[PDB]
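Below is one structure, written out as structure tokens; comments come after it.
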């Protein structure tokens, strides 16, 4: 993804996506989080 | 090759359409045939 070509120049060198942004794995949302006794944990809530 | 394709104007989606219509059929529109609609399909000649 960092080697995605944003523009190609006649010289031969391109402007890549890594030249304007930082690319990496993350999460599709950052709303909520949970802790169990102050320790970061992954949690699910089961609704009946 | 990403670099080679970017050097020319090929956009990897023109490739998608070209291949999808050449090596497989393409469903483009719909026409009436004595009262019932039937598909229009472009598939390219068998010799190629």
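For neighbour counting, all protein chains shown are included, and Cβ atoms are generated from backbone atoms with ideal geometry for every residue, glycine included. We did not get these values from a lab; they are worked out from the coordinates using the rules stated.
Values as computed for the structure displayed
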read-out	value
Residues of segment B:1-26 classified as assigned to a helix (DSSP H, G or I), in contact with a strand residue (DSSP E or B) (Cβ under 7 Å, 6 or more places away or on another chain) and more than 14 Å from chain A (Cβ to nearest Cβ), total	2
Boolean, residue B:1 is loosely packed, with under 11 Cβ neighbours inside 10 Å and closer than 30 Å to residue A:5 by Cβ	yes
Test result for residue A:24, in contact with a helix residue (DSSP H, G or I) (Cβ under 8 Å, 6 or more places away or on another chain), outside any strand (DSSP E or B) and free of Cβ contacts under 8 Å to residues at least 40 places away in the same chain	no
